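S.K.: My sequence and its experimental structure, below.
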Amino acid sequence: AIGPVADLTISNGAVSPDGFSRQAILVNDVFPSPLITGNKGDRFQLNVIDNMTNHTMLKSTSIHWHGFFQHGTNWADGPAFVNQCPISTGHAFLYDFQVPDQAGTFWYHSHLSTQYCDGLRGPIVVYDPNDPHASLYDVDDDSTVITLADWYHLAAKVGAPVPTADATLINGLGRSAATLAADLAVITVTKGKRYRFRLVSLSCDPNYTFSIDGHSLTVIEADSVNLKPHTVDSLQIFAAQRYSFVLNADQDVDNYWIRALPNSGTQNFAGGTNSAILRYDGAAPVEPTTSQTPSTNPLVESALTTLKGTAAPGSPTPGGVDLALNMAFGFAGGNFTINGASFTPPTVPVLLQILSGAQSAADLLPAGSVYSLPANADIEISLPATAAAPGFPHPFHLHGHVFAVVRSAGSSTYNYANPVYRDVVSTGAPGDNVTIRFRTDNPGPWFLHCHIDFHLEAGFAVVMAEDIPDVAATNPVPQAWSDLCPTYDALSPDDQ
Ligand SMILES: *[C@@H]1O[C@H](CO)[C@@H](O[C@@H]2O[C@H](CO)[C@@H](O)[C@H](O)[C@H]2NC(C)=O)[C@H](O)[C@H]1NC(C)=O
Ligand SMILES: *[C@@H]1O[C@H](CO)[C@@H](O[C@@H]2O[C@H](CO)[C@@H](O)[C@H](O)[C@H]2NC(C)=O)[C@H](O)[C@H]1NC(C)=O
Ligand SMILES: [Cu+2]
Ligand SMILES: [Cu+2]
Ligand SMILES: [Cu+2]
């Protein structure tokens with residue numbers, strides 16, 4: 001409803017999305033953060049004006065535009081100390097990038113520490129005027145964006161270091177155990193109409209098993225990739241994932257429960273917790289009294305495929321790529337590790353490091369956390385789950401790319417012929433060996449890490465330094481970008 005050219009003023013204030021008041025982060029003075037939209041191929045110019053004054057939730061900030069490849073604008077990608085130094089309070093910074101060849105549902109959020117959990121996170125839709133699925137629905141607008149999110153009554157830096165959510169928010173609203181009368185989100189449909197709902201997890205941690213009483217969901221997009229349509233009666237959505245699904249509002253006029261059950265915290269719907277309302281025009285303005293029927297047709301990610309049936313890059317056999325990497329997870333010192341190394345943010349961001357003359361992964365800080373990738377190649381990366389990295393299933397996100405999921409969680413099989421592609425994947429439960437493949441078509445340092453934010457805070461990340469020799473030439477930085485670091489580094493710690 002704003003964008004692709006817009007100011008995003010970031011500030012602190014009180015919010016009560018579950019009827020409990022707490023300080024948090026506002027964007028353009030509202031919580032939850034407003035929807036940004038654009039069309040396929042647009043240039044987004046988002047001027048992030050940082051007016052935050054609360055050091056507990058961090059005064060500085062950095063925004064990631066989740067899903068966008070940022071080709072040639074890797075400086076705009078957002079992650080703090082990888083792609084930029086944070087914007088300092090009292091200053092503003094323009095993200096100016098383009099979205100050639102991508103359309104679908106995205107989102108943005110702070111990518112500094114666990115700040116996004118404090119409320120800096122909103123959806124983004126990039127519409128396709130020739131969407132290949134346009135004929136499947138009648139309505140696709142601001143009122144068909146559905147966000148899911150976890151909500152804590154204690155700030156990120158105030159509660160336990162891996163806290164339990166007090167409430168699931170759906171479109172920024174929901175109930176906790178002690179605010180059972182708090183207002184529910186209502187999503188309205190007219191009988192006979194077909195809806196493209198764009199579901200996006202802004203979660204900092206839980207995954208949600210999502211369903212809508214008495215309705216089927218035809219899933220047609222996953223993480224901004226067009227799918228063959230695939231009807232399900234429920235879907236599990238991990239932190240940072242998006243699905244578009246067509247809902248045919250063909251049921252009787254009534255209220256139906258929308259259900260979003262987290263894998264942790266409160267795991268029932270007593271008193272309308274974990275819920276929002278799907279209201280048909282004409283139905284009473286009251287809660288649903290509908291009942292969950294067992295899901296007998298849940299989304300299975302190995303059954304999803306791309307609209308085009310695109311093969312995985314490389315050749316259809318394990319290790320059939322230019323470079324194959326294995327990410328061995330562990331945990332010690334109260335830090336997550338990958339291949340023995342815990343990510344600590346470097347003081348010089350990784351992008352600046354390459355621009356300043358780093359030539360190799362070995363040069364790049366932090367040591368042991370950065371992988372050099374060859375240019376113009378196929379890569380395979382295995383992310384095998386283990387009990388040594390507690391809080392599994394961990395959802396891993398690759399910045400700057402879409403990837404083929406050759407092997408999904410809960411499956412034993414490898415599909416190279418027509419696997420789903422997406423950009424956030426569950427790495428599943430011990431015994432799984434989630435395996436992804438992508439092409440190195442995008443020079444620059446790209447974060448690969450766990451989208452449980454409390455985990456990335458605890459080191460659960462690596463940097464893919466893609467095509468180092470071409471990073472500087474492919475990503476010319478604007479002067480405002482070059483100015484972020486000296487300004488940041490001048491801050492006293494209490495102002496960070
Ligand atoms: C800055 O943000 C923090 C975190 O939101 C606020 O922390 C609160 O602190 C009070 C009193 O110490 C506690 O009773 C609350 O439980 C905290 N809230 C949260 C969400 O954890 C702090 O109040 C904020 N500062 C200002 C000046 O508003
Ligand atoms: C998960 O998959 C990866 C990728 O196939 C496995 O690592 C390979 O293991 C084979 C057989 O031992 C070796 O030849 C290679 O050295 C490994 N490839 C790479 C890129 O390291 C990994 O061992 C699997 N893990 C589990 C637990 O099944
Ligand atoms: Cu993200
Ligand atoms: Cu994790
Ligand atoms: Cu990230």
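M.R.: Received the coordinates, thanks. Residues are numbered from 1 along each chain as shown. Ligands and ions are numbered 1, 2, ... in the order given.
S.K.: Between its first and last residues, how far does stretch 259-270 reach?
M.R.: Its start and end residues considered, stretch 259-270 measures 12 Å (Cα to Cα, to the nearest Å).
S.K.: now check that stretch, is it near ligand 4?
M.R.: No: using Cβ under 5 Å from the ion, stretch 259-270 never reaches ligand 4; the gap is at least 12.0 Å. Where C-beta positions appear, they are placed from N, C-alpha and C, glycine not excepted.
S.K.: same deal with stretch 194-213?
M.R.: No: using Cβ under 5 Å from the ion, stretch 194-213 stays clear of ligand 4, with a minimum separation of 8.2 Å.
S.K.: Do me a favour and get the end-to-end distance for that stretch?
M.R.: Stretch 194-213 has its terminal residues 16 Å apart, counting by Cα to Cα.
S.K.: Please, which helix or strand holds residue 413?
M.R.: For residue 413, there is no enclosing helix or strand under DSSP states H and E.
S.K.: Count the neighbours of it for me.
M.R.: Using other Cβ atoms under 10 Å, residue 413 is surrounded by 9 other residues.
S.K.: How about residue 17?
M.R.: 25.
S.K.: and it, that one's in a strand?
M.R.: No: under DSSP: H, G, I helix; E, B strand; the rest coil, residue 17 sits outside any strand and is assigned coil.
S.K.: Now do the same contact list for it.
M.R.: Each residue near residue 17 by Cβ atoms under 8 Å, 6 or more residues apart in numbering is listed here: 31-32, 151, 167, 169, 172-174.
S.K.: wait, which of the residues you listed is closest to residue 372?
M.R.: Nearest to residue 372 among those: residue 32, at 38.6 Å, using Cβ to Cβ.
S.K.: quick check, that closest one in a helix?
M.R.: No: counting by three-state DSSP, residue 32 is not found in a helix; it is coil.
S.K.: just to revisit the earlier point, neighbour-wise, which one of the contacts of residue 17 leads?
M.R.: Going by other Cβ under 10 Å, residue 174 tops those with 29 neighbours.
S.K.: correct me, but that one touches residue 274?
M.R.: Yes: contact criterion Cβ atoms under 8 Å: residue 174 and residue 274 qualify, at 7.1 Å.
S.K.: what sits in contact with each of those two?
M.R.: residue 168.
S.K.: quick revisit: just give me the closest of the contacts of residue 17 to residue 4.
M.R.: Closest to residue 4 out of the contacts of residue 17 is residue 32 (19.9 Å), distances taken as Cβ to Cβ.
S.K.: Phi, psi for the closest residue to that closest one other than its chain neighbours please.
M.R.: Leaving aside its sequence neighbours, residue 32 sits nearest to residue 172 (Cβ to Cβ, 6 or more residues apart in numbering; 3.5 Å). For residue 172, the backbone dihedrals (degrees, to the nearest 10) come out as phi 90, psi 0.
S.K.: Tell me who's in contact with residue 172.
M.R.: 17, 31-32, 147, 149, 185.
S.K.: so what's whichever residue of the stretch 1-150 of the chain sits closest to ligand 3 up against?
M.R.: The stretch 1-150 of the chain approaches ligand 3 most closely through residue 66 (3.5 Å), counting by Cβ to the ion. Counting by Cβ under 8 Å, 6+ apart, residue 66 makes contact with 106-109, 240, 397, 423.
S.K.: same check, this time on residue 396
M.R.: Residue 396 touches 383, 424-425, 427, 434, 448-451, counting by Cβ under 8 Å, 6+ apart.
S.K.: which ones among those are found in strands?
M.R.: 383, 424-425, 434, 448-450 (DSSP state E).
S.K.: Now flag whichever of those is closest to ligand 4.
M.R.: Using Cβ to the ion, residue 450 comes nearest to ligand 4 of those, at 3.5 Å.
S.K.: hang on, that closest one packs against residue 394?
M.R.: Yes: counting by Cβ under 8 Å, residue 450 does reach residue 394; the two are 4.6 Å apart.
S.K.: any residues in contact with both of the two?
M.R.: Common neighbours of residue 450 and residue 394 (criterion: Cβ under 8 Å, 6+ apart): residue 460.
S.K.: Tell me the spacing between the residue of the stretch 101-250 of the chain found nearest ligand 3 and residue 293.
M.R.: Nearest residue of the stretch 101-250 of the chain to ligand 3 (Cβ to the ion) works out as residue 240 at 4.3 Å. From residue 240 across to residue 293, the span is 29 Å (Cβ to Cβ, to the nearest Å).
S.K.: if you count what's nearby, which of these two comes out ahead?
M.R.: Higher neighbour count among residue 240 and residue 293: residue 240, with 28 against 11, using other Cβ under 10 Å.
S.K.: Show me which residues of this structure sit near ligand 2.
M.R.: Counting by Cβ under 6 Å from any ligand atom, the residues of the chain lying close to ligand 2 are 318, 324-326, 382, 384, 433.
S.K.: and which of these is nearest ligand 4?
M.R.: Of all these, ligand 4 sits closest to residue 384, with 13.9 Å by Cβ to the ion.
S.K.: Can you get me a residue count around that closest one?
M.R.: Residues near residue 384, counting by other Cβ under 10 Å, number 16.
S.K.: Could you double-check that it lies in contact with residue 433?
M.R.: Yes: in this structure, residue 384 is within contact of residue 433 by Cβ under 8 Å, at 4.3 Å.
S.K.: Residue numbers of this structure in contact with ligand 4?
M.R.: 394, 450, 452, 455.
S.K.: do that again at 6 Å, thanks
M.R.: Counting by Cβ under 6 Å from the ion, the residues of the chain close to ligand 4 are 391, 394, 450, 452, 455, 460.
S.K.: how about the second one, what does it touch?
M.R.: Residue 394 sits next to 329, 385, 426-427, 450, 452, 455, 460 when contact means Cβ under 8 Å, 6+ apart.
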